[PDB]
$ cat data26.pdb   # PDB, C-alpha atoms
ATOM      1  CA  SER A   9      80.777 149.361 129.959
ATOM      2  CA  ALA A  10      79.821 145.605 130.696
ATOM      3  CA  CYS A  11      77.559 145.611 133.783
ATOM      4  CA  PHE A  12      76.232 142.674 135.689
ATOM      5  CA  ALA A  13      74.590 141.504 138.862
ATOM      6  CA  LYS A  14      76.792 140.713 141.838
ATOM      7  CA  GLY A  15      78.300 137.272 141.683
ATOM      8  CA  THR A  16      78.343 137.012 137.919
ATOM      9  CA  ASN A  17      81.264 134.750 137.125
ATOM     10  CA  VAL A  18      83.656 136.016 134.467
ATOM     11  CA  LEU A  19      86.332 133.961 132.623
ATOM     12  CA  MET A  20      89.766 135.439 133.272
ATOM     13  CA  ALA A  21      92.621 135.337 130.751
ATOM     14  CA  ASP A  22      94.411 132.677 132.768
ATOM     15  CA  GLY A  23      91.451 130.323 132.553
ATOM     16  CA  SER A  24      90.258 130.822 136.116
ATOM     17  CA  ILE A  25      87.037 132.524 137.054
ATOM     18  CA  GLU A  26      86.386 135.621 139.105
ATOM     19  CA  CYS A  27      83.183 137.122 140.392
ATOM     20  CA  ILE A  28      82.539 140.457 138.728
ATOM     21  CA  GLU A  29      82.765 142.372 141.992
ATOM     22  CA  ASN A  30      86.268 141.077 142.648
ATOM     23  CA  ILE A  31      87.803 142.096 139.338
ATOM     24  CA  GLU A  32      90.307 144.941 139.696
ATOM     25  CA  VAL A  33      91.828 147.495 137.363
ATOM     26  CA  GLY A  34      94.729 145.867 135.547
ATOM     27  CA  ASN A  35      93.279 142.397 135.651
ATOM     28  CA  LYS A  36      92.969 140.547 132.351
ATOM     29  CA  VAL A  37      89.721 138.901 131.280
ATOM     30  CA  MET A  38      89.376 136.252 128.593
ATOM     31  CA  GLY A  39      88.647 137.824 125.227
ATOM     32  CA  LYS A  40      86.272 136.133 122.867
ATOM     33  CA  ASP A  41      89.219 135.014 120.741
ATOM     34  CA  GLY A  42      91.016 133.511 123.696
ATOM     35  CA  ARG A  43      93.400 136.415 124.087
ATOM     36  CA  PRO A  44      93.627 138.768 127.045
ATOM     37  CA  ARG A  45      91.662 141.965 127.556
ATOM     38  CA  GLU A  46      92.698 144.544 130.139
ATOM     39  CA  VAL A  47      90.330 146.105 132.619
ATOM     40  CA  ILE A  48      90.797 149.864 132.987
ATOM     41  CA  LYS A  49      87.787 150.936 135.016
ATOM     42  CA  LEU A  50      85.202 149.551 137.476
ATOM     43  CA  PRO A  51      81.929 151.352 136.909
ATOM     44  CA  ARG A  52      79.317 150.662 139.561
ATOM     45  CA  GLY A  53      75.910 151.884 140.535
ATOM     46  CA  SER A  54      72.246 150.975 140.703
ATOM     47  CA  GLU A  55      69.965 150.270 137.749
ATOM     48  CA  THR A  56      66.951 148.311 136.623
ATOM     49  CA  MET A  57      68.244 144.812 135.815
ATOM     50  CA  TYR A  58      67.348 142.215 133.168
ATOM     51  CA  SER A  59      67.596 138.393 133.274
ATOM     52  CA  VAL A  60      68.852 136.687 130.119
ATOM     53  CA  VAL A  61      67.954 132.963 129.847
ATOM     54  CA  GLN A  62      68.656 130.691 126.888
ATOM     55  CA  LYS A  63      65.533 129.303 125.273
ATOM     56  CA  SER A  64      66.257 125.748 124.103
ATOM     57  CA  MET A  77      70.186 118.608 127.820
ATOM     58  CA  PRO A  78      73.094 120.844 128.750
ATOM     59  CA  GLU A  79      72.271 123.522 131.253
ATOM     60  CA  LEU A  80      70.720 126.690 129.850
ATOM     61  CA  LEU A  81      73.028 129.689 129.530
ATOM     62  CA  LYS A  82      72.119 132.685 131.653
ATOM     63  CA  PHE A  83      73.309 136.035 132.971
ATOM     64  CA  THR A  84      71.802 139.123 134.595
ATOM     65  CA  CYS A  85      72.750 142.585 133.374
ATOM     66  CA  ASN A  86      71.604 146.146 133.754
ATOM     67  CA  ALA A  87      69.069 147.811 131.447
ATOM     68  CA  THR A  88      71.680 149.730 129.475
ATOM     69  CA  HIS A  89      74.049 146.814 129.124
ATOM     70  CA  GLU A  90      74.576 146.048 125.427
ATOM     71  CA  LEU A  91      73.872 142.475 124.297
ATOM     72  CA  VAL A  92      76.266 141.178 121.597
ATOM     73  CA  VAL A  93      73.861 139.806 119.028
ATOM     74  CA  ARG A  94      73.646 138.410 115.539
ATOM     75  CA  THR A  95      70.753 138.283 113.113
ATOM     76  CA  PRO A  96      70.788 136.480 109.761
ATOM     77  CA  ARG A  97      70.566 138.551 106.615
ATOM     78  CA  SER A  98      67.180 136.983 105.916
ATOM     79  CA  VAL A  99      65.522 137.221 102.558
ATOM     80  CA  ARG A 100      62.078 135.934 102.008
ATOM     81  CA  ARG A 101      59.800 135.522  99.124
ATOM     82  CA  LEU A 102      56.057 135.883  99.328
ATOM     83  CA  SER A 103      53.218 135.820  96.785
ATOM     84  CA  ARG A 104      50.585 138.403  97.611
ATOM     85  CA  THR A 105      47.780 139.962  95.604
ATOM     86  CA  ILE A 106      46.711 143.494  96.198
ATOM     87  CA  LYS A 107      43.899 145.094  94.261
ATOM     88  CA  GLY A 108      43.850 142.345  91.663
ATOM     89  CA  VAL A 109      47.568 142.519  90.903
ATOM     90  CA  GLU A 110      49.778 139.542  91.894
ATOM     91  CA  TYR A 111      53.213 140.377  93.256
ATOM     92  CA  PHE A 112      56.523 138.854  94.046
ATOM     93  CA  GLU A 113      57.154 140.460  97.437
ATOM     94  CA  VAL A 114      60.758 140.374  98.616
ATOM     95  CA  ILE A 115      61.272 140.976 102.295
ATOM     96  CA  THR A 116      64.781 141.529 103.591
ATOM     97  CA  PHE A 117      66.374 142.350 106.904
ATOM     98  CA  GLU A 118      68.318 145.637 106.873
ATOM     99  CA  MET A 119      70.066 147.822 109.395
ATOM    100  CA  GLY A 120      67.969 150.854 110.160
ATOM    101  CA  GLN A 121      66.690 152.750 113.099
ATOM    102  CA  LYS A 122      63.678 153.124 115.291
ATOM    103  CA  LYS A 123      62.680 155.711 117.848
ATOM    104  CA  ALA A 124      62.085 154.176 121.257
ATOM    105  CA  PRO A 125      59.016 155.362 123.236
ATOM    106  CA  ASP A 126      61.295 157.801 125.081
ATOM    107  CA  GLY A 127      62.564 159.321 121.818
ATOM    108  CA  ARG A 128      65.982 157.716 121.653
ATOM    109  CA  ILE A 129      66.980 156.701 118.136
ATOM    110  CA  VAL A 130      68.139 153.093 118.232
ATOM    111  CA  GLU A 131      70.058 151.433 115.430
ATOM    112  CA  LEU A 132      68.640 147.932 114.842
ATOM    113  CA  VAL A 133      67.766 145.371 112.218
ATOM    114  CA  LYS A 134      64.325 145.712 110.596
ATOM    115  CA  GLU A 135      62.230 144.266 107.792
ATOM    116  CA  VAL A 136      62.029 146.055 104.453
ATOM    117  CA  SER A 137      59.771 145.040 101.589
ATOM    118  CA  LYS A 138      59.768 145.600  97.837
ATOM    119  CA  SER A 139      57.139 144.247  95.429
ATOM    120  CA  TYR A 140      57.445 143.356  91.746
ATOM    121  CA  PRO A 141      54.461 142.491  89.568
ATOM    122  CA  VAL A 142      54.289 138.824  88.547
ATOM    123  CA  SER A 143      53.223 139.965  85.073
ATOM    124  CA  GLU A 144      56.642 141.527  84.603
ATOM    125  CA  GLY A 145      58.447 138.208  85.101
ATOM    126  CA  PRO A 146      60.552 136.880  87.990
ATOM    127  CA  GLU A 147      63.818 138.446  86.950
ATOM    128  CA  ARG A 148      63.738 141.759  88.728
ATOM    129  CA  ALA A 149      62.741 140.153  92.049
ATOM    130  CA  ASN A 150      65.429 137.494  91.584
ATOM    131  CA  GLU A 151      67.983 140.250  90.896
ATOM    132  CA  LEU A 152      67.103 142.005  94.141
ATOM    133  CA  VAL A 153      67.636 138.756  96.067
ATOM    134  CA  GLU A 154      71.012 138.322  94.352
ATOM    135  CA  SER A 155      72.112 141.932  94.975
ATOM    136  CA  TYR A 156      71.114 141.620  98.621
ATOM    137  CA  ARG A 157      72.929 138.256  99.054
ATOM    138  CA  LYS A 158      76.104 139.832  97.645
ATOM    139  CA  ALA A 159      76.061 143.287  99.322
ATOM    140  CA  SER A 160      77.783 142.032 102.460
ATOM    141  CA  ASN A 161      80.700 139.785 103.021
ATOM    142  CA  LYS A 162      79.030 138.127 106.079
ATOM    143  CA  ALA A 163      75.713 136.242 106.045
ATOM    144  CA  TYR A 164      74.539 137.843 109.339
ATOM    145  CA  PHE A 165      74.531 141.228 110.947
ATOM    146  CA  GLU A 166      76.898 141.453 113.937
ATOM    147  CA  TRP A 167      75.512 144.212 116.166
ATOM    148  CA  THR A 168      74.601 145.316 119.651
ATOM    149  CA  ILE A 169      71.475 146.400 121.517
ATOM    150  CA  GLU A 170      70.780 147.559 125.071
ATOM    151  CA  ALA A 171      68.812 145.046 127.031
ATOM    152  CA  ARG A 172      65.954 147.523 127.545
ATOM    153  CA  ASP A 173      65.714 148.104 123.794
ATOM    154  CA  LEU A 174      65.408 144.482 122.629
ATOM    155  CA  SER A 175      61.623 144.872 122.832
ATOM    156  CA  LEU A 176      61.853 147.398 119.985
ATOM    157  CA  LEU A 177      62.537 144.608 117.458
ATOM    158  CA  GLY A 178      59.709 143.395 115.258
ATOM    159  CA  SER A 179      58.579 139.832 115.704
ATOM    160  CA  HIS A 180      60.430 138.196 112.809
ATOM    161  CA  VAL A 181      63.714 139.962 113.470
ATOM    162  CA  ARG A 182      63.435 139.330 117.227
ATOM    163  CA  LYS A 183      62.833 135.644 116.811
ATOM    164  CA  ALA A 184      65.808 135.332 114.478
ATOM    165  CA  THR A 185      68.215 137.224 116.740
ATOM    166  CA  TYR A 186      70.689 135.235 118.835
ATOM    167  CA  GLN A 187      73.600 135.600 121.218
ATOM    168  CA  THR A 188      76.776 133.546 121.045
ATOM    169  CA  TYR A 189      79.084 131.518 123.217
ATOM    170  CA  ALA A 190      82.681 130.557 122.351
ATOM    171  CA  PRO A 191      83.763 127.090 123.281
ATOM    172  CA  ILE A 192      87.171 125.684 122.495
ATOM    173  CA  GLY A 193      87.060 123.494 119.419
ATOM    174  CA  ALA A 194      89.323 121.073 117.686
ATOM    175  CA  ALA A 195      92.578 122.664 116.546
ATOM    176  CA  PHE A 196      92.697 124.735 119.777
ATOM    177  CA  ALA A 197      90.831 127.851 118.390
ATOM    178  CA  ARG A 198      87.630 129.238 119.781
ATOM    179  CA  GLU A 199      84.489 128.443 117.855
ATOM    180  CA  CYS A 200      81.391 130.536 117.910
ATOM    181  CA  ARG A 201      77.979 128.980 118.582
ATOM    182  CA  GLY A 202      74.609 130.681 118.661
ATOM    183  CA  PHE A 203      71.794 130.516 121.153
ATOM    184  CA  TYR A 204      68.296 131.926 121.248
ATOM    185  CA  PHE A 205      67.226 133.574 124.453
ATOM    186  CA  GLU A 206      64.517 135.376 126.447
ATOM    187  CA  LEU A 207      64.795 138.587 128.537
ATOM    188  CA  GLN A 208      62.859 139.494 131.714
ATOM    189  CA  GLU A 209      62.869 142.970 133.222
ATOM    190  CA  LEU A 210      63.551 142.894 136.921
ATOM    191  CA  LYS A 211      63.685 145.777 139.401
ATOM    192  CA  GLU A 212      66.665 147.890 140.399
ATOM    193  CA  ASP A 213      69.715 146.374 142.037
ATOM    194  CA  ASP A 214      73.384 147.214 142.364
ATOM    195  CA  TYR A 215      75.473 146.511 139.304
ATOM    196  CA  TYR A 216      79.132 145.816 138.912
ATOM    197  CA  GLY A 217      80.815 146.771 135.685
ATOM    198  CA  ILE A 218      84.109 146.609 133.927
ATOM    199  CA  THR A 219      85.499 148.779 131.149
ATOM    200  CA  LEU A 220      88.101 147.294 128.880
ATOM    201  CA  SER A 221      91.019 149.020 127.144
ATOM    202  CA  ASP A 222      90.789 150.293 123.579
ATOM    203  CA  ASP A 223      93.853 148.096 122.574
ATOM    204  CA  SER A 224      91.564 145.342 121.228
ATOM    205  CA  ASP A 225      87.839 144.841 120.885
ATOM    206  CA  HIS A 226      85.775 145.000 124.097
ATOM    207  CA  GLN A 227      84.266 141.466 123.786
ATOM    208  CA  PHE A 228      84.990 138.903 126.472
ATOM    209  CA  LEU A 229      83.708 135.720 127.949
ATOM    210  CA  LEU A 230      81.640 134.922 130.984
ATOM    211  CA  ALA A 231      82.419 131.673 132.887
ATOM    212  CA  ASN A 232      79.651 130.033 130.874
ATOM    213  CA  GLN A 233      81.522 131.036 127.668
ATOM    214  CA  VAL A 234      78.896 133.572 126.626
ATOM    215  CA  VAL A 235      80.262 136.482 124.586
ATOM    216  CA  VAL A 236      79.564 139.855 126.227
ATOM    217  CA  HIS A 237      80.749 143.416 126.102
TER     218      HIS A 237
END

$ encode --input "data26.pdb" --output "structure tokens"
Amino acid sequence: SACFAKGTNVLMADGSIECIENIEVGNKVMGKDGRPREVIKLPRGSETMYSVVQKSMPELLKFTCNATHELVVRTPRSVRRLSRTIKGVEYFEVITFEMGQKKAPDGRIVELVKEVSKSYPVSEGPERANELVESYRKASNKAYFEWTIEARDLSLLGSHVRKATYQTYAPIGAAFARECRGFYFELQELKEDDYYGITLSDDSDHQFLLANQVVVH
């Protein structure tokens, strides 16, 4: 399930690093919460690869994964207000980000975050548009979507959602717990190379840390 280029350094549960190709079944990687995760399988093969590079003093965070590797991403639950006039009628347009789906060029249905819009005439007063904003802000307990997307499918996102989408890394903070910090990034499609993967047990979530503290699965 998590698949990387040779040499990708992974953070092990004991705090040391290991190159991906040297991880064995039974080894324990560092989970995103600082607790161990057990490796149960070593999937390997060849696949088109993608380079992930942070887009900004500290060194930029990077990794290289295969095309079908799923990025662990977040996107804010953005709500925006716009004033537009169509055919002589002024509107309060409310644009929100929502989980939906899109068919990729190959026909696969991909679940992703997309923009949705509703318009309310200004003549009717601001209340109904304000109520939609309030209902949207309260429909979820978190202020972002926490989701995943194959590297090759990131290009399916619309411009606003794409720009707003980030990955995370998990440094150790004060009080000895892991914190979670976001970073914006860029992807570049490479050519095929060998990949080295690990599959984690179903005893806990499948999210772990690279040596650069980036959260992956």

$ atom_distance --input "data26.pdb" --atom1 "atom CA of residue A:179" --atom2 "atom CA of residue A:130"
16.5 Å

$ resolve_selection --input "data26.pdb" --expression "the PyMOL selection byres ((chain A and resi 31-46) around 7)" --output "tab-separated table (two decimals) with C-alpha atoms, in the coordinates of the input"
chain	number	residue	atom	x	y	z
A	19	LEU	CA	86.33	133.96	132.62
A	20	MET	CA	89.77	135.44	133.27
A	21	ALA	CA	92.62	135.34	130.75
A	26	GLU	CA	86.39	135.62	139.10
A	27	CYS	CA	83.18	137.12	140.39
A	28	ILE	CA	82.54	140.46	138.73
A	29	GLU	CA	82.76	142.37	141.99
A	30	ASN	CA	86.27	141.08	142.65
A	47	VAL	CA	90.33	146.10	132.62
A	48	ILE	CA	90.80	149.86	132.99
A	49	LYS	CA	87.79	150.94	135.02
A	50	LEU	CA	85.20	149.55	137.48
A	190	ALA	CA	82.68	130.56	122.35
A	198	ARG	CA	87.63	129.24	119.78
A	220	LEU	CA	88.10	147.29	128.88
A	221	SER	CA	91.02	149.02	127.14
A	227	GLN	CA	84.27	141.47	123.79
A	228	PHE	CA	84.99	138.90	126.47
A	229	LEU	CA	83.71	135.72	127.95
A	235	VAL	CA	80.26	136.48	124.59

$ atom_distance --input "data26.pdb" --atom1 "atom CA of residue A:209" --atom2 "atom CA of residue A:80"
18.4 Å

$ atom_distance --input "data26.pdb" --atom1 "atom CA of residue A:214" --atom2 "atom CA of residue A:16"
12.2 Å

$ residues_around --input "data26.pdb" --residues "residue A:87" --least-positions-apart "4" --cutoff "10 Å" --atoms "all atoms listed in the file" --output "number ranges by chain"
A: 11-12, 55-59, 170-173, 209-212

$ decode --input "data26.pdb" --residues "stretch 145-158 of chain A" --atoms "N, CA and C atoms" --output "PDB file, in the first residue's frame"
ATOM      1  N   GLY A 145     -32.901  39.711   0.412  1.00  0.00           N
ATOM      2  CA  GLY A 145     -32.206  39.940   1.673  1.00  0.00           C
ATOM      3  C   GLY A 145     -31.065  38.958   1.878  1.00  0.00           C
ATOM      4  N   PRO A 146     -30.146  39.284   2.784  1.00  0.00           N
ATOM      5  CA  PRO A 146     -28.957  38.453   3.004  1.00  0.00           C
ATOM      6  C   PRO A 146     -29.187  37.210   3.851  1.00  0.00           C
ATOM      7  N   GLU A 147     -30.351  37.076   4.455  1.00  0.00           N
ATOM      8  CA  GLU A 147     -30.511  36.004   5.409  1.00  0.00           C
ATOM      9  C   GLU A 147     -30.365  34.603   4.902  1.00  0.00           C
ATOM     10  N   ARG A 148     -30.934  34.279   3.756  1.00  0.00           N
ATOM     11  CA  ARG A 148     -30.886  32.914   3.298  1.00  0.00           C
ATOM     12  C   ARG A 148     -29.445  32.522   2.930  1.00  0.00           C
ATOM     13  N   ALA A 149     -28.695  33.427   2.314  1.00  0.00           N
ATOM     14  CA  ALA A 149     -27.293  33.140   2.016  1.00  0.00           C
ATOM     15  C   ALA A 149     -26.457  32.994   3.314  1.00  0.00           C
ATOM     16  N   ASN A 150     -26.753  33.862   4.277  1.00  0.00           N
ATOM     17  CA  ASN A 150     -26.052  33.754   5.564  1.00  0.00           C
ATOM     18  C   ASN A 150     -26.354  32.433   6.250  1.00  0.00           C
ATOM     19  N   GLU A 151     -27.597  31.967   6.154  1.00  0.00           N
ATOM     20  CA  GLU A 151     -28.016  30.696   6.741  1.00  0.00           C
ATOM     21  C   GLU A 151     -27.321  29.513   6.090  1.00  0.00           C
ATOM     22  N   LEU A 152     -27.074  29.583   4.778  1.00  0.00           N
ATOM     23  CA  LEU A 152     -26.350  28.506   4.131  1.00  0.00           C
ATOM     24  C   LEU A 152     -24.912  28.452   4.653  1.00  0.00           C
ATOM     25  N   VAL A 153     -24.278  29.612   4.784  1.00  0.00           N
ATOM     26  CA  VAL A 153     -22.916  29.671   5.314  1.00  0.00           C
ATOM     27  C   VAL A 153     -22.875  29.055   6.699  1.00  0.00           C
ATOM     28  N   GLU A 154     -23.855  29.413   7.522  1.00  0.00           N
ATOM     29  CA  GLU A 154     -23.912  28.879   8.906  1.00  0.00           C
ATOM     30  C   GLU A 154     -24.147  27.400   8.918  1.00  0.00           C
ATOM     31  N   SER A 155     -25.052  26.881   8.098  1.00  0.00           N
ATOM     32  CA  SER A 155     -25.343  25.437   8.049  1.00  0.00           C
ATOM     33  C   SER A 155     -24.114  24.639   7.560  1.00  0.00           C
ATOM     34  N   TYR A 156     -23.416  25.217   6.610  1.00  0.00           N
ATOM     35  CA  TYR A 156     -22.202  24.602   6.095  1.00  0.00           C
ATOM     36  C   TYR A 156     -21.097  24.587   7.164  1.00  0.00           C
ATOM     37  N   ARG A 157     -20.891  25.718   7.854  1.00  0.00           N
ATOM     38  CA  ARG A 157     -19.872  25.801   8.911  1.00  0.00           C
ATOM     39  C   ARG A 157     -20.163  24.866  10.063  1.00  0.00           C
ATOM     40  N   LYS A 158     -21.399  24.408  10.229  1.00  0.00           N
ATOM     41  CA  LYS A 158     -21.742  23.557  11.363  1.00  0.00           C
ATOM     42  C   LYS A 158     -21.979  22.086  11.000  1.00  0.00           C
TER      43      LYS A 158
END
